[PDB]
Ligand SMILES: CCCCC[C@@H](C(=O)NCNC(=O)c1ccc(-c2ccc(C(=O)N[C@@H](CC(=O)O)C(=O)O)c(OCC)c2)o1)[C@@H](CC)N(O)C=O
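Before any questions on how it binds or moves, here is one chain, the form deposited without this ligand, in structure tokens.
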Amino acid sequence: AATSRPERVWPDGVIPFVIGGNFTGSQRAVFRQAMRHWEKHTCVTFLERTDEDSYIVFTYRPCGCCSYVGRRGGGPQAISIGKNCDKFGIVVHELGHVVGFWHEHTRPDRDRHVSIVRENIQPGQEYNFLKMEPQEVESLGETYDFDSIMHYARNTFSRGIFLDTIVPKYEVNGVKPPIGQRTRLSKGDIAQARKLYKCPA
């Protein structure tokens, strides 16, 4: 679910940042580790902010969606971090939003790849399953990626732990594809981010 909107792509892949107050040294180190993870796999770079108008701010705040997707422009944009939601993989996911990715399940073509099990969605949480309009996403020729760091788990926003809200529609390399990993960028996330930022092949 890569943004189609050119203005949301950070110029030259450069993303200035500020780390806010109220974090421990270990939390701050995890933010830097997550930024380095994006840097080592793509041409995105993170720069300590000086006077740039647009930048990201790691902000002590309650956990919960949503980080702005791509570059907002005209000022800072916050990534909300708290005790519930500060691990490396969570931060890498939020930086996927900053880079310009919506949730994978919101791709306009998602219905070919996953079933959204409406019977199981927590009342009032249905909005989390809305597809992006087709004009808002351009997937750059990349296939739907079950392994994406941007993919929800099978029971995200479910009524029940064993009641799936998202079910992959087919197997990949002879297995039901697991969804919802928050350990590292997938091969597909990297390939697609490199296309989005026109990283030299």
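Note that residue numbering follows the sequence shown and begins at 1.
If you look for the form solved in complex with this ligand, you will not find it shown, but the lines that follow are about it.
Steric status of site, this ligand superimposed as seen in the deposited complex, threshold 2.4 angstroms to backbone or C-beta: By the 2.4 Å criterion, blocked.
Candidate stretches 46-54, 30-38, 169-177, 62-70, one within 4.5 Å of this ligand in the deposited complex by heavy atom: Only one stretch qualifies here: 62-70.
Any non-hydrogen atom of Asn120 within 4.5 angstroms of this ligand in the deposited complex: Close contact is absent here: in the deposited complex, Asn120 is far from this ligand, nothing within 4.5 Å, heavy atoms only.
Heavy atom of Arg107 within 4.5 Å of this ligand in the deposited complex: Output for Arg107 is no: heavy atoms all beyond 4.5 Å of this ligand.
is_contact(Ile116, this ligand) in the deposited complex, heavy atom dist at most 4.5 Å: Outside the cut-off, so no.
Partner contact for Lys131 in the deposited complex: this ligand, 4.5 angstroms, heavy atom: The answer is no: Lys131 has no heavy atom within 4.5 Å of this ligand.
Contact at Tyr144, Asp189 and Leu196 by this ligand in the deposited complex, all three, heavy atom at most 4.5 Å: No: no residue has a heavy atom within 4.5 Å of the partner.
Members of 67-99 lying within 4.5 angstroms of this ligand, judged by heavy atom, in the deposited complex: In sequence order, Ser67, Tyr68, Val69, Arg72, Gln77, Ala78, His93, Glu94, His97 come within 4.5 Å of the partner.
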